[PDB]
Q: 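My questions all concern the structure below.
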Number of protein chains: 2
Amino acid sequence: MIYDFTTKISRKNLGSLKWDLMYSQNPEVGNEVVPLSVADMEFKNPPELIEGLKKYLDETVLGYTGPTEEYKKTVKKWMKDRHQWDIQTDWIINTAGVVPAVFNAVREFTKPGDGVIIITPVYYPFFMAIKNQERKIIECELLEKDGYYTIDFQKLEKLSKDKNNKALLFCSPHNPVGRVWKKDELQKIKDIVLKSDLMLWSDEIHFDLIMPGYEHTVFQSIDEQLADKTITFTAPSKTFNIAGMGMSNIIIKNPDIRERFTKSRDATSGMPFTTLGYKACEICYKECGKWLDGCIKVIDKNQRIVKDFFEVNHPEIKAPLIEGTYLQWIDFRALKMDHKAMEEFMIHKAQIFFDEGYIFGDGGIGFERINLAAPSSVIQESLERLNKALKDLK
Amino acid sequence: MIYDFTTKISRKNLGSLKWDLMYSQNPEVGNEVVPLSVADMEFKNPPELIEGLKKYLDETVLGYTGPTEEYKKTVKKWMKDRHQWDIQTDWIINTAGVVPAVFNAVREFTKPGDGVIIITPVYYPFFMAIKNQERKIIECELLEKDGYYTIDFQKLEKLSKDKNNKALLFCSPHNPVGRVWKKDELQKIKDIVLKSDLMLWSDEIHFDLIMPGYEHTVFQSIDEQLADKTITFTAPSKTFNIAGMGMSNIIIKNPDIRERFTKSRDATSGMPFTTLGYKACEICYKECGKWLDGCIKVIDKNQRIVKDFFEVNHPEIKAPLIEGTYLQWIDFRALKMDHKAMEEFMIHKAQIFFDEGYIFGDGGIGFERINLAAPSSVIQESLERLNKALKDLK
Ligand SMILES: *Cc1c(COP(=O)(O)O)cnc(C)c1O
Ligand SMILES: *Cc1c(COP(=O)(O)O)cnc(C)c1O
């Protein structure tokens with residue numbers, strides 16, 4: 001199959017939440033502008049998936065649908081071959097998206113007033129899943145040194161000792177800083193977790209999007225006792241740009257926890273009957289491996305394009321390479337602009353639409369998250385607009 | 001076009017909930033057997049839909065997607081053209097299925113211990129939506145005389161006086177009895193509702209599947225004040241056999257009720273991001289009207305086959321014609337077999353898989369619901385199989 005990561009596509013007036021958001025923020029945005037905000041790709045989906053879905057549409061009946069044993073086997077096989085992770089078919093529980101699964105986790109395993117620990121700054125829906133259900137957000141801020149983010153273990157161990165805290169909501173790879181947790185880091189966290197009564201909710205939706213050289217370790221794969229009280233969220237959506245196919249594979253080893261998560265889901269959302277969602281995931285894992293390799297190559301090229309751009313044109317702004325995800329963390333703090341001013345400038349002066357750093361927590365103030373999943377030429381067009389805007393800003 | 005309502009299809013090992021349930025119940029079931037239980041059709045989807053979805057796939061990106069204004073106008077046009085019902089586009093709230101919407105209504109407009117009135121026997125998920133959320137199921141049993149079901153207005157009024165009951169969860173057309181409510185019946189229910197603090201939740205998922213000779217009336221369309229406190233559940237799933245596309249259109253006129261409903265949805269399932277869900281509904285409404293006409297004819301043709309079948313071979317068993325839906329209600333109380341025992345007989349001796357009447361409430365004990373949405377030849381095969389089983393039964 002021949003893949004395309006070069007065609008500049010347009011998603012204007014097509015129901016794209018990302019594009020509609022851009023036009024809503026700046027009605028005067030040029031027609032040549034492409035948003036680099038929300039985490040979905042500016043690439044057509046894998047050809048095999050599209051051809052596969054069309055083939056399926058000619059065979060199937062779009063009725064009440066559930067996962068086939070083959071589907072489960074395919075997900076189990078992906079975890080094995082791609083992550084040296086041994087799971088069983090009956091460990092897989094499906095939800096229409098990871099966020100709803102997270103909301104469900106909080107709903108079922110905690111009560112109002114209970115605390116949930118998250119490492120910040122981080123993917124904003126985490127905050128929502130907690131406080132929106134009246135639970136307490138317990139922040140364990142990341143330590144940062146010259147752009148490199150690490151875990152505050154002393155503080156984390158302290159928080160785990162607080163009986164009111166019922167679980168650790170973990171992001172791995174960690175959005176938006178692009179960290180792919182090292183084995184030693186995961187070991188320290190594992191010890192803290194097993195030492196307390198904390199449950200482990202590990203969101204590893206970005207675990208297939210790792211940059212060259214780095215290695216992802218499925219958290220619950222390093223210890224069976226840890227796995228006994230862990231809920232791991234996975235899905236093919238971020239990997240193959242199918243967030244609009246709504247299908248997630250939540251892995252839960254413990255029968256008691258699994259059955260509680262399922263009961264709760266069945267009272268809110270219910271079981272996913274989306275036939276194409278099941279098939280899309282199967283097709284991706286079975287046939288879209290080569291496409292993913294090519295996608296990662298382009299992303300790696302793009303993070304280097306960004307890094308180079310600032311080293312050459314505006315050295316005080318830092319865009320370090322990331323370890324995972326296709327979301328790069330750019331440090332604009334040297335501009336000495338508060339986050340509201342930055343946002344205003346990016347949207348109206350540079351017409352570059354990032355996911356403003358501050359939305360991920362106060363630790364993101366001064367930073368900008370750029371979506372690298374676009375053609376290199378598109379990234380270049382955007383940086384040049386920024387270039388002229390920054391120069392004008394003088 | 002050439003619409004196929006004759007090809008006997010097989011959905012074995014394809015993830016069909018209906019078929020898998022069948023095999024689970026009778027591993028020895030013959031390969032010639034087709035289930036007539038779960039409410040999805042044993043027909044392939046509308047040609048226009050399939051060609052439209054394939055075309056859409058060649059042009060779209062499967063990312064985070066929301067409804068377009070065109071989508072909304074199309075939903076509005078369908079209500080206007082097909083039901084003489086004037087709705088506004090901002091009245092439309094989307095969910096991934098009607099059942100989740102019902103759970104949402106119960107969770108947001110009532111509290112634990114509150115009562116929700118339902119007219120039984122009825123679609124079983126209704127019971128679950130209430131009971132599994134710690135709410136009280138308040139049954140208002142339908143009156144039955146020679147097969148025809150009517151509303152017990154006296155009981156409904158009595159129950160409406162209990163301030164603990166917060167709403168009436170209505171099914172129109174009514175599954176599983178097949179009643180399409182007359183304006184006279186709806187007006188009488190309305191007066192009872194308007195004189196109380198009862199909210200109205202009208203599940204009208206079957207309102208496009210009306211048999212010749214009858215006409216559905218959207219409940220909230222008969223009175224503006226009733227509409228002010230009514231939540232109407234609609235979707236294209238039952239109509240075009242796309243329960244596997246996960247897209248429902250919940251119509252809520254009142255701004256405050258709507259806002260609350262949406263808030264409740266966002267705290268549990270969030271909005272549907274399904275790209276194909278929105279497109280499938282728009283295609284069906286715009287291009288699949290003729291297919292639907294052909295489908296209803298076969299359903300009408302089949303219900304008459306069932307009716308005549310019993311009158312000729314087992315007249316003590318009654319299967320009267322229905323007014324709406326494609327689910328026919330059969331009275332098997334003349335066999336004097338307790339339900340659990342009768343189910344056993346149907347599953348193993350006759351190898352006919354109905355939706356056992358008792359599952360819809362005690363009022364269904366002794367009845368069987370047959371899915372008419374299948375090729376006429378398939379209905380005949382099934383009936384002939386039960387015929388032998390019945391005779392041998394003696
Ligand atoms: C994108 C993203 C999700 C995905 O939600 P889906 O609805 O399953 O696509 C969950 N977690 C993080 C950390 C993400 O960045
Ligand atoms: C089939 C049916 C539904 C459809 O539910 P979905 O969640 O949209 O599949 C809802 N209500 C009744 C009365 C039905 O018979």
Side-chain angles (χ1 to χ4, degrees), chain A residues 53 55-68 70-71 94 96 245-247 270-280 282, chain B residues 3-25 33-50 52-54 96-100 123-125 175-176 205-206 208-209 235-248 272 274 276-277 279-281 283-284 288 291-292 294-296 298-299 302 325-327 353-355 369-375 378-379 382:
Chain A
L53 292 176
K55 169 181 178 185
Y56 195 52
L57 283 171
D58 283 326
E59 318 175 312
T60 201
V61 174
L62 307 170
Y64 284 107
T65 308
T68 58
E70 176 63 357
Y71 170 85
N94 302 123
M245 291 304 260
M247 183 50 67
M271 180 194 134
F273 302 126
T274 164
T275 179
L276 298 177
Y278 291 105
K279 189 65 178 177
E282 176 174 335
Chain B
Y3 300 136
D4 186 346
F5 295 105
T6 53
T7 301
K8 178 177 180 176
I9 68 176
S10 175
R11 298 168 68 190
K12 179 183 178 182
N13 300 319
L14 297 176
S16 164
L17 274 286
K18 165 165 55 180
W19 290 65
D20 294 349
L21 171 62
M22 174 179 73
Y23 294 114
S24 178
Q25 284 173 156
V33 182
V34 175
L36 304 170
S37 52
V38 174
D40 71 10
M41 305 182 205
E42 285 306 305
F43 289 143
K44 285 315 218 306
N45 289 279
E48 293 79 2
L49 175 58
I50 298 296
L53 292 172
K54 288 194 291 183
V98 171
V99 175
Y123 180 63
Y124 61 85
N175 171 18
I205 189 87
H206 295 90
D208 292 316
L209 293 165
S237 58
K238 232 42 157 293
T239 303
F240 305 99
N241 193 25
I242 57 180
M245 290 302 263
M247 184 49 55
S248 308
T274 169
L276 305 182
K279 184 64 174 181
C281 179
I283 294 176
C284 287
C288 306
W291 177 89
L292 176 57
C295 183
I296 284 176
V298 177
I299 296 170
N302 295 339
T325 81
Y326 53 75
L327 310 168
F353 298 68
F354 296 120
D355 242 45
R369 191 193 81 186
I370 182 175
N371 184 326
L372 301 169
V378 175
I379 301 292
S382 303

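Just so we're on the same page: letters track the sequence lines, and every chain starts at 1. Because only heavy atoms are used, hydrogens play no part in the values below, and waters and symmetry mates are left out as well, while side chains stay in.
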Q: Are any of the side-chain heavy atoms of B:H206 and B:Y326 separated by less than 4.5 Å?
A: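 In short, these two side chains do not touch, never coming nearer than 4.5 Å.
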Q: Mind checking ring pair (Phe, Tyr, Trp, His ring centres under 6.0 Å) for A:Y278 and listing every partner two or more places apart, or none if nothing turns up?
A: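 For A:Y278 the ring pair (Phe, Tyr, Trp, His ring centres under 6.0 Å) partners, ignoring immediate neighbours, are A:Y71.
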Q: Can you tell if the side chain of B:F43 reaches within under 4.5 Å of the side chain of B:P375, non-hydrogen atoms only?
A: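 They are in side-chain contact.
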Q: Under the side chain to side chain contact (heavy atoms under 4.5 Å, CB included) criterion, do A:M245 and B:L276 qualify, and how do the steps go?
A: CA-CA 8 Å; A:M245 291 304 260; B:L276 305 182; 4.3 Å; yes
Q: Is the shortest side-chain heavy-atom distance between A:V61 and B:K44 below 4.5 Å?
A: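 Contact flag for A:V61/B:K44 side chains = yes.
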Q: Determine the minimum heavy-atom distance between A:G63 and B:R11, stating which atoms define it.
A: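 Nearest pair, atom of A:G63 first, then B:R11: CA-NH2, 4.0 Å.
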Q: Decide yes or no for B:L49 and A:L57: does some side-chain heavy atom of the first lie under 4.5 Å from some side-chain heavy atom of the second?
A: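 Contact flag for B:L49/A:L57 side chains = no.
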Q: Has B:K8 got more than 12 heavy atoms of other residues, nucleotides or ligands less than 6.0 Å from its NZ?
A: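 Correct, the count exceeds 12.
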Q: What is the minimum heavy-atom distance between B:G15 and A:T68, and which atoms define it?
A: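 Closest pair (atom of B:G15, atom of A:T68, distance): N-CG2, 3.5 Å.
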Q: Listed by chain and number, what are the side-chain hydrogen bond (donor to acceptor under 3.5 Å, both in side chains) partners of A:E282, not counting sequence neighbours?
A: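 A:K286.
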Q: In terms of the angle between their ring planes, are B:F5 and B:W291 parallel, tilted or perpendicular, with boundaries placed at 30° and 60°?
A: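 Aromatic pair B:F5/B:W291 classed tilted.
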Q: Given side chains that start at C-beta, do those of B:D208 and B:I296 come closer than 4.5 Å, heavy atoms only?
A: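 B:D208 vs B:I296: side chains apart.
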Q: Determine whether a donor-acceptor pair (N or O, by modelled atom type, separation under 3.5 Å) exists between the side chain of B:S248 and the backbone of B:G97.
A: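 Side chain of B:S248 to backbone of B:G97: a pair is present.
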Q: Measuring from A:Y64:OH to A:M271:CE, what's the distance to the nearest 0.5 Å?
A: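 The CE atom of A:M271 is 11.0 Å from OH of A:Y64, to the nearest 0.5 Å.
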Q: According to salt bridge (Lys or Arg N to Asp or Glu O under 4.0 Å), who are the partners of B:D355, at least two apart in sequence or on a separate chain?
A: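 B:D355 satisfies salt bridge (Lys or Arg N to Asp or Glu O under 4.0 Å) with B:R369 once adjacent residues are dropped.
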Q: Rounded to the nearest 0.5 Å, how far apart are CD of B:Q25 and CG of B:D20?
A: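 Output value for this atom pair is 11.5 Å.
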Q: Give the C-alpha distance, both sets of side-chain angles, the deciding distance and a yes or no for side chain to side chain contact (heavy atoms under 4.5 Å, CB included) between A:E59 and B:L14.
A: CA-CA 10 Å; A:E59 318 175 312; B:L14 297 176; over 6 Å; no
Q: Is the closest side-chain heavy-atom distance between B:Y23 and B:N13 below 4.5 Å?
A: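 Of all side-chain heavy-atom pairs linking B:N13 with B:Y23, none is under 4.5 Å.
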Q: Distance from B:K54 atom NZ to A:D58 atom CG, nearest 0.5 Å?
A: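 Going from the NZ atom of B:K54 to the CG atom of A:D58 covers 3.5 Å.
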Q: Return the CG to CG distance between B:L209 and B:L292, rounded to the nearest 0.5 Å.
A: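 Reported value, rounded in 0.5 Å steps: 6.5 Å.
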Q: Can you tell me if A:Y56 has over 12 outside heavy atoms packed within less than 6.0 Å of its OH?
A: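 Yes, because the 6.0 Å sphere around OH of A:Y56 holds more than 12 heavy atoms from other groups.
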Q: Under a 4.5 Å cut-off applied to non-hydrogen side-chain atoms, are B:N302 and B:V298 in contact?
A: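 Heavy-atom side-chain distance check passes, below 4.5 Å.
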Q: Of the non-hydrogen atoms in B:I379 and B:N371, which two are nearest, and what is the gap between them?
A: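 Taking every non-hydrogen atom into account, CD1-O, 3.9 Å.
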Q: Less than 4.5 Å apart, side chain to side chain, heavy atoms only: is that true for B:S37 and B:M22?
A: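 Not touching, per the 4.5 Å side-chain cut-off.
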Q: Could you tell me which non-hydrogen atom of B:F240 sits nearest to which non-hydrogen atom of B:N45, and how far apart they are?
A: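 Heavy atoms only, the tightest pair is O-OD1, 3.0 Å.
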Q: Nearest heavy-atom pair of B:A235 and B:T239: which atoms, and what distance?
A: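 In terms of heavy atoms, the two residues are closest at O-OG1, 4.4 Å.
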Q: Say you draw a straight line from OG1 of A:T60 to NZ of A:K55; how long is it, rounded to the nearest 0.5 Å?
A: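 That separation rounds to 12.5 Å.
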Q: Can you give me the closest heavy-atom contact between B:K12 and B:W19, atom names plus distance?
A: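 Looking at all heavy atoms of both residues, the shortest contact is N-CE3, 3.8 Å.
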Q: What distance do B:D40 atom CG and A:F273 atom CZ have between them, rounded to the nearest 0.5 Å?
A: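 So the gap between those two atoms works out to 10.5 Å.
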